[PDB]
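This is protein-v6.cif. It holds mmCIF, C-alpha atoms; chains and numbers go by the auth columns.
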data_query
loop_
_atom_site.group_PDB
_atom_site.id
_atom_site.type_symbol
_atom_site.label_atom_id
_atom_site.label_comp_id
_atom_site.label_asym_id
_atom_site.label_seq_id
_atom_site.Cartn_x
_atom_site.Cartn_y
_atom_site.Cartn_z
_atom_site.B_iso_or_equiv
_atom_site.auth_seq_id
_atom_site.auth_asym_id
ATOM 1 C CA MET A 1 -0.161 25.513 12.166 0.00 1 A
ATOM 2 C CA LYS A 2 1.906 22.383 11.634 0.00 2 A
ATOM 3 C CA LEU A 3 0.477 18.942 10.902 0.00 3 A
ATOM 4 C CA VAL A 4 2.332 16.143 12.726 0.00 4 A
ATOM 5 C CA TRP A 5 2.023 12.412 12.003 0.00 5 A
ATOM 6 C CA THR A 6 3.515 9.495 13.869 0.00 6 A
ATOM 7 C CA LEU A 7 5.058 6.419 12.249 0.00 7 A
ATOM 8 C CA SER A 8 1.833 4.500 12.766 0.00 8 A
ATOM 9 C CA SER A 9 -0.686 7.203 11.839 0.00 9 A
ATOM 10 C CA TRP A 10 1.171 7.963 8.580 0.00 10 A
ATOM 11 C CA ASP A 11 1.301 4.238 7.806 0.00 11 A
ATOM 12 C CA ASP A 12 -2.446 3.958 8.205 0.00 12 A
ATOM 13 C CA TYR A 13 -3.017 7.094 6.129 0.00 13 A
ATOM 14 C CA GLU A 14 -0.907 5.447 3.437 0.00 14 A
ATOM 15 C CA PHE A 15 -3.029 2.306 3.836 0.00 15 A
ATOM 16 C CA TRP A 16 -6.106 4.358 3.054 0.00 16 A
ATOM 17 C CA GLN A 17 -4.337 5.840 0.005 0.00 17 A
ATOM 18 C CA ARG A 18 -3.757 2.259 -1.186 0.00 18 A
ATOM 19 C CA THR A 19 -7.262 0.914 -0.510 0.00 19 A
ATOM 20 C CA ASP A 20 -9.967 3.591 -0.144 0.00 20 A
ATOM 21 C CA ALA A 21 -9.484 7.156 -1.395 0.00 21 A
ATOM 22 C CA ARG A 22 -12.856 8.152 0.065 0.00 22 A
ATOM 23 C CA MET A 23 -11.421 7.584 3.539 0.00 23 A
ATOM 24 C CA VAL A 24 -8.374 9.710 2.660 0.00 24 A
ATOM 25 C CA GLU A 25 -10.784 12.493 1.700 0.00 25 A
ATOM 26 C CA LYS A 26 -12.726 12.169 4.955 0.00 26 A
ATOM 27 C CA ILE A 27 -9.511 12.350 6.952 0.00 27 A
ATOM 28 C CA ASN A 28 -8.347 15.435 5.014 0.00 28 A
ATOM 29 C CA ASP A 29 -11.710 17.078 5.826 0.00 29 A
ATOM 30 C CA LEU A 30 -11.314 16.199 9.492 0.00 30 A
ATOM 31 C CA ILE A 31 -7.815 17.712 9.441 0.00 31 A
ATOM 32 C CA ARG A 32 -8.993 20.916 7.721 0.00 32 A
ATOM 33 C CA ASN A 33 -11.829 21.227 10.256 0.00 33 A
ATOM 34 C CA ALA A 34 -9.787 20.448 13.386 0.00 34 A
ATOM 35 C CA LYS A 35 -7.129 22.981 12.387 0.00 35 A
ATOM 36 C CA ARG A 36 -9.908 25.620 12.209 0.00 36 A
ATOM 37 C CA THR A 37 -12.102 24.575 15.144 0.00 37 A
ATOM 38 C CA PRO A 38 -10.263 21.927 17.227 0.00 38 A
ATOM 39 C CA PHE A 39 -13.206 21.226 19.529 0.00 39 A
ATOM 40 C CA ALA A 40 -16.140 21.614 17.147 0.00 40 A
ATOM 41 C CA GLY A 41 -17.316 20.798 13.648 0.00 41 A
ATOM 42 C CA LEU A 42 -17.111 17.682 11.518 0.00 42 A
ATOM 43 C CA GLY A 43 -17.042 14.163 12.933 0.00 43 A
ATOM 44 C CA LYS A 44 -18.627 14.796 16.345 0.00 44 A
ATOM 45 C CA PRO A 45 -15.425 15.584 18.277 0.00 45 A
ATOM 46 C CA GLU A 46 -15.275 14.183 21.804 0.00 46 A
ATOM 47 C CA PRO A 47 -12.511 14.349 24.450 0.00 47 A
ATOM 48 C CA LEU A 48 -10.892 11.049 25.487 0.00 48 A
ATOM 49 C CA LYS A 49 -10.401 10.263 29.190 0.00 49 A
ATOM 50 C CA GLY A 50 -7.628 8.884 31.409 0.00 50 A
ATOM 51 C CA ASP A 51 -4.202 8.401 29.822 0.00 51 A
ATOM 52 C CA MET A 52 -5.725 9.966 26.677 0.00 52 A
ATOM 53 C CA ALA A 53 -7.312 13.039 28.376 0.00 53 A
ATOM 54 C CA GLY A 54 -5.746 15.813 26.274 0.00 54 A
ATOM 55 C CA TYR A 55 -6.508 13.868 23.112 0.00 55 A
ATOM 56 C CA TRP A 56 -9.690 14.274 21.067 0.00 56 A
ATOM 57 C CA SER A 57 -11.473 11.962 18.684 0.00 57 A
ATOM 58 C CA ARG A 58 -13.697 12.354 15.620 0.00 58 A
ATOM 59 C CA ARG A 59 -15.553 9.803 13.502 0.00 59 A
ATOM 60 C CA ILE A 60 -14.233 8.913 10.085 0.00 60 A
ATOM 61 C CA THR A 61 -16.754 6.072 9.955 0.00 61 A
ATOM 62 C CA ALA A 62 -18.445 4.040 12.699 0.00 62 A
ATOM 63 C CA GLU A 63 -15.479 1.643 12.703 0.00 63 A
ATOM 64 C CA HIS A 64 -12.636 4.142 12.245 0.00 64 A
ATOM 65 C CA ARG A 65 -11.644 7.071 14.398 0.00 65 A
ATOM 66 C CA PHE A 66 -9.408 10.103 13.931 0.00 66 A
ATOM 67 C CA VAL A 67 -7.541 10.777 17.169 0.00 67 A
ATOM 68 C CA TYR A 68 -5.578 14.006 17.507 0.00 68 A
ATOM 69 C CA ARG A 69 -4.369 16.771 19.751 0.00 69 A
ATOM 70 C CA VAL A 70 -3.898 20.438 18.966 0.00 70 A
ATOM 71 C CA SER A 71 -0.920 21.858 20.846 0.00 71 A
ATOM 72 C CA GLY A 72 0.868 25.180 20.972 0.00 72 A
ATOM 73 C CA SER A 73 -0.285 28.709 21.613 0.00 73 A
ATOM 74 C CA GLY A 74 -1.296 31.764 19.630 0.00 74 A
ATOM 75 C CA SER A 75 0.427 31.794 16.264 0.00 75 A
ATOM 76 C CA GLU A 76 2.664 28.720 16.413 0.00 76 A
ATOM 77 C CA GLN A 77 0.413 25.676 16.918 0.00 77 A
ATOM 78 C CA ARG A 78 0.388 22.047 15.747 0.00 78 A
ATOM 79 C CA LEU A 79 -2.168 19.307 15.165 0.00 79 A
ATOM 80 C CA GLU A 80 -0.781 15.890 16.062 0.00 80 A
ATOM 81 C CA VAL A 81 -2.502 12.908 14.468 0.00 81 A
ATOM 82 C CA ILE A 82 -2.247 9.844 16.707 0.00 82 A
ATOM 83 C CA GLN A 83 -4.549 7.479 14.803 0.00 83 A
ATOM 84 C CA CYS A 84 -6.679 7.498 11.624 0.00 84 A
ATOM 85 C CA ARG A 85 -7.874 3.879 11.591 0.00 85 A
ATOM 86 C CA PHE A 86 -9.819 1.546 13.941 0.00 86 A
ATOM 87 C CA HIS A 87 -11.472 2.302 17.288 0.00 87 A
ATOM 88 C CA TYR A 88 -9.569 4.556 19.738 0.00 88 A
ATOM 89 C CA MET B 1 10.366 9.301 13.325 0.00 1 B
ATOM 90 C CA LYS B 2 7.621 11.930 13.113 0.00 2 B
ATOM 91 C CA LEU B 3 6.401 13.524 9.885 0.00 3 B
ATOM 92 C CA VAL B 4 5.804 17.278 10.025 0.00 4 B
ATOM 93 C CA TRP B 5 4.064 19.431 7.428 0.00 5 B
ATOM 94 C CA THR B 6 3.617 23.206 7.322 0.00 6 B
ATOM 95 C CA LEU B 7 0.404 24.838 6.163 0.00 7 B
ATOM 96 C CA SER B 8 2.068 25.484 2.777 0.00 8 B
ATOM 97 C CA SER B 9 3.527 22.004 2.189 0.00 9 B
ATOM 98 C CA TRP B 10 0.340 20.220 3.297 0.00 10 B
ATOM 99 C CA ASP B 11 -1.539 22.442 0.847 0.00 11 B
ATOM 100 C CA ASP B 12 0.963 21.317 -1.841 0.00 12 B
ATOM 101 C CA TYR B 13 0.364 17.684 -0.957 0.00 13 B
ATOM 102 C CA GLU B 14 -3.432 18.085 -1.003 0.00 14 B
ATOM 103 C CA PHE B 15 -3.125 19.824 -4.362 0.00 15 B
ATOM 104 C CA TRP B 16 -1.331 16.752 -5.731 0.00 16 B
ATOM 105 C CA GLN B 17 -3.929 14.471 -4.147 0.00 17 B
ATOM 106 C CA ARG B 18 -6.590 16.463 -6.024 0.00 18 B
ATOM 107 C CA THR B 19 -4.787 16.672 -9.383 0.00 19 B
ATOM 108 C CA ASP B 20 -2.071 14.024 -9.957 0.00 20 B
ATOM 109 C CA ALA B 21 -1.767 10.668 -8.179 0.00 21 B
ATOM 110 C CA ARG B 22 1.666 10.029 -9.710 0.00 22 B
ATOM 111 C CA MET B 23 3.054 13.033 -7.847 0.00 23 B
ATOM 112 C CA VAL B 24 1.505 11.820 -4.567 0.00 24 B
ATOM 113 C CA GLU B 25 3.183 8.433 -5.133 0.00 25 B
ATOM 114 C CA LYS B 26 6.517 10.048 -5.907 0.00 26 B
ATOM 115 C CA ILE B 27 6.286 12.226 -2.788 0.00 27 B
ATOM 116 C CA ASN B 28 5.335 9.284 -0.591 0.00 28 B
ATOM 117 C CA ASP B 29 8.398 7.428 -1.892 0.00 29 B
ATOM 118 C CA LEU B 30 10.695 10.387 -1.144 0.00 30 B
ATOM 119 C CA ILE B 31 9.240 10.597 2.411 0.00 31 B
ATOM 120 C CA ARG B 32 9.793 6.850 2.844 0.00 32 B
ATOM 121 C CA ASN B 33 13.382 6.968 1.570 0.00 33 B
ATOM 122 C CA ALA B 34 14.236 10.105 3.576 0.00 34 B
ATOM 123 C CA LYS B 35 13.020 8.446 6.779 0.00 35 B
ATOM 124 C CA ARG B 36 15.598 5.669 6.372 0.00 36 B
ATOM 125 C CA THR B 37 18.401 7.764 4.774 0.00 37 B
ATOM 126 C CA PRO B 38 17.751 11.514 5.273 0.00 38 B
ATOM 127 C CA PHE B 39 20.789 12.745 3.315 0.00 39 B
ATOM 128 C CA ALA B 40 21.152 10.124 0.595 0.00 40 B
ATOM 129 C CA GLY B 41 19.113 8.170 -1.925 0.00 41 B
ATOM 130 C CA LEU B 42 16.045 8.780 -4.076 0.00 42 B
ATOM 131 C CA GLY B 43 15.760 12.155 -5.817 0.00 43 B
ATOM 132 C CA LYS B 44 19.461 13.080 -5.472 0.00 44 B
ATOM 133 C CA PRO B 45 19.264 14.866 -2.122 0.00 45 B
ATOM 134 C CA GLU B 46 21.341 18.045 -2.031 0.00 46 B
ATOM 135 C CA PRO B 47 21.881 20.468 0.868 0.00 47 B
ATOM 136 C CA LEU B 48 20.742 24.060 0.399 0.00 48 B
ATOM 137 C CA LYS B 49 22.756 27.016 1.559 0.00 49 B
ATOM 138 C CA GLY B 50 22.596 30.436 3.128 0.00 50 B
ATOM 139 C CA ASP B 51 19.034 31.613 3.013 0.00 51 B
ATOM 140 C CA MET B 52 17.963 28.003 3.347 0.00 52 B
ATOM 141 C CA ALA B 53 20.814 26.321 5.250 0.00 53 B
ATOM 142 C CA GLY B 54 19.760 23.257 7.198 0.00 54 B
ATOM 143 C CA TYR B 55 17.277 22.486 4.431 0.00 55 B
ATOM 144 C CA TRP B 56 17.733 19.808 1.781 0.00 56 B
ATOM 145 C CA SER B 57 16.136 19.344 -1.636 0.00 57 B
ATOM 146 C CA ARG B 58 15.190 16.287 -3.663 0.00 58 B
ATOM 147 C CA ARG B 59 13.899 16.167 -7.225 0.00 59 B
ATOM 148 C CA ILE B 60 10.236 15.136 -7.601 0.00 60 B
ATOM 149 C CA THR B 61 10.096 16.014 -11.271 0.00 61 B
ATOM 150 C CA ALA B 62 11.833 18.499 -13.550 0.00 62 B
ATOM 151 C CA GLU B 63 9.762 21.383 -12.230 0.00 63 B
ATOM 152 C CA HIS B 64 8.953 20.227 -8.662 0.00 64 B
ATOM 153 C CA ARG B 65 11.216 19.891 -5.626 0.00 65 B
ATOM 154 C CA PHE B 66 10.752 18.200 -2.237 0.00 66 B
ATOM 155 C CA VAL B 67 12.387 20.439 0.349 0.00 67 B
ATOM 156 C CA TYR B 68 12.802 19.309 3.925 0.00 68 B
ATOM 157 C CA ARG B 69 14.714 19.692 7.135 0.00 69 B
ATOM 158 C CA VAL B 70 15.672 17.196 9.773 0.00 70 B
ATOM 159 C CA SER B 71 15.485 18.435 13.342 0.00 71 B
ATOM 160 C CA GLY B 72 15.391 16.585 16.667 0.00 72 B
ATOM 161 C CA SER B 73 17.080 13.953 18.833 0.00 73 B
ATOM 162 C CA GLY B 74 15.512 10.777 20.233 0.00 74 B
ATOM 163 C CA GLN B 75 13.563 12.914 15.280 0.00 75 B
ATOM 164 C CA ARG B 76 11.463 14.717 12.801 0.00 76 B
ATOM 165 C CA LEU B 77 11.343 15.011 9.098 0.00 77 B
ATOM 166 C CA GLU B 78 9.805 18.410 8.333 0.00 78 B
ATOM 167 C CA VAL B 79 8.420 18.805 4.806 0.00 79 B
ATOM 168 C CA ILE B 80 8.719 22.491 3.851 0.00 80 B
ATOM 169 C CA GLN B 81 7.646 22.313 0.201 0.00 81 B
ATOM 170 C CA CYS B 82 6.663 19.796 -2.466 0.00 82 B
ATOM 171 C CA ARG B 83 5.491 21.907 -5.389 0.00 83 B
ATOM 172 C CA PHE B 84 7.354 24.249 -7.750 0.00 84 B
ATOM 173 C CA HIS B 85 11.048 25.073 -7.808 0.00 85 B
ATOM 174 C CA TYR B 86 13.003 27.936 -6.216 0.00 86 B
#
Could you render the structure as structure tokens?
Amino acid sequence: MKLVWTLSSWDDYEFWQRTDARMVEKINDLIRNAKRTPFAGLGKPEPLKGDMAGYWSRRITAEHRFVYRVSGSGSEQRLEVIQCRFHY
Amino acid sequence: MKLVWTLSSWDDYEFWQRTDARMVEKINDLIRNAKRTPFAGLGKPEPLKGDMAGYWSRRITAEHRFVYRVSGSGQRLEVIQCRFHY
């Protein structure tokens, strides 16, 4: 199970490292949980629609969302983090 | 450029987040530098061989190495390890 960040999602994760470590911890918990149970668990996961269909979202806080997609089958999967800051 | 962790190297990174912020900073700097110059710069990047050909290592500290691969096209920096040595 690989963890994949984009340029922008890693930048915002770094931003949290620089400004609020509590948010970093929440995001790490969301990651841990989504790798285990992609569609259930922490942060009230909900599927996005339209051009973001395959993507899912969980709450970090009311103002900040963790958007991701788990891809791959069986034993070689990946979680792609698309956003970890702001609304969708 | 996308940043890829394995289960093992993310566990390494989390371990540093839990235990030593200086290491997290040093790792973040190596990631940053390797995104702009994958085979040169901070930490004295050297290419590994044989068993681990295609991989590269940079020094985090005396006893900890940052080991990574670059794969891809139009790219990915894959962090394979960032705790311990050999």
Distance filter 8 Å, only C-alpha atoms, chain B against chain A, as a PDB file with C-alpha atoms, keeping the file's coordinate frame:
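Output saved as selection_36.pdb:
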ATOM      1  CA  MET B   1      10.366   9.301  13.325  1.00  0.00           C
ATOM      2  CA  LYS B   2       7.621  11.930  13.113  1.00  0.00           C
ATOM      3  CA  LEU B   3       6.401  13.524   9.885  1.00  0.00           C
ATOM      4  CA  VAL B   4       5.804  17.278  10.025  1.00  0.00           C
ATOM      5  CA  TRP B   5       4.064  19.431   7.428  1.00  0.00           C
ATOM      6  CA  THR B   6       3.617  23.206   7.322  1.00  0.00           C
ATOM      7  CA  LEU B   7       0.404  24.838   6.163  1.00  0.00           C
ATOM      8  CA  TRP B  10       0.340  20.220   3.297  1.00  0.00           C
TER       9      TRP B  10
END
Atom CA of residue 47 of chain A to atom CA of residue 14 of chain B, distance in Å rounded to a single decimal
27.3 Å
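Distance-wise, atom CA of residue 69 of chain A and atom CA of residue 54 of chain A end up 6.7 Å apart.
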Using all atoms listed in the file, which residues sit within 8 Å of segment 45-48 of chain B once same-chain residues fewer than 6 positions away are excluded, as a ChimeraX atom specification?
/B:39,54-59
Requested write-out: C-alpha atoms of the selected residues, as a compact mmCIF listing (two decimals), keeping the file's coordinate frame:
# COMPACT_ATOMS: atom_id res chain seq x y z
CA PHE B 39 20.79 12.74 3.32
CA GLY B 54 19.76 23.26 7.20
CA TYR B 55 17.28 22.49 4.43
CA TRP B 56 17.73 19.81 1.78
CA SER B 57 16.14 19.34 -1.64
CA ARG B 58 15.19 16.29 -3.66
CA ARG B 59 13.90 16.17 -7.22
Result set, the PyMOL selection byres ((chain B and resi 32) around 12) on current file, as a PyMOL selection string
(chain A and resi 7+10-11+14) or (chain B and resi 1-3+25-31+33-38+41-43+77)
Picked residues, the PyMOL selection byres ((chain A and resi 23) around 12), as an MDAnalysis selection string
chainID A and resid 12:22 24:30 59:61 63:66 84:85
Best match for closeness to residue 81 of chain B among B:52, B:61, B:44, B:8, counting only C-alpha atoms:
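Looking at the shortest contact to residue 81 of chain B, the residue is B:8.
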Applying the PyMOL selection byres ((chain A and resi 88) around 8) to the file I just gave you, which residues come out? Please list them as JSON, numbers by chain.
{"A": [57, 65, 67, 83, 86, 87]}
What does the distance from atom CA of residue 18 of chain B to atom CA of residue 62 of chain A come to in Å, to one decimal?
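Going from atom CA of residue 18 of chain B over to atom CA of residue 62 of chain A covers 25.4 Å.
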So, counting all atoms listed in the file, which residue among A:72, A:44, A:56, A:81 is closest to residue 31 of chain A?
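So, comparing all the options, the nearest one is A:81.
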Selected residue, from B:40, B:23, B:70, B:53, that lies nearest to residue 83 of chain B when counting all atoms listed in the file:
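Counting all atoms listed in the file, the residue closest to residue 83 of chain B is B:23.
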Output, as JSON, the centre and edge lengths in Å (one decimal) of the axis-aligned box that contains all listed atoms of segment 38-51 of chain B with 4 Å of margin on each side.
{"center_x": 19.3, "center_y": 19.9, "center_z": -0.3, "size_x": 15.0, "size_y": 31.4, "size_z": 19.1}
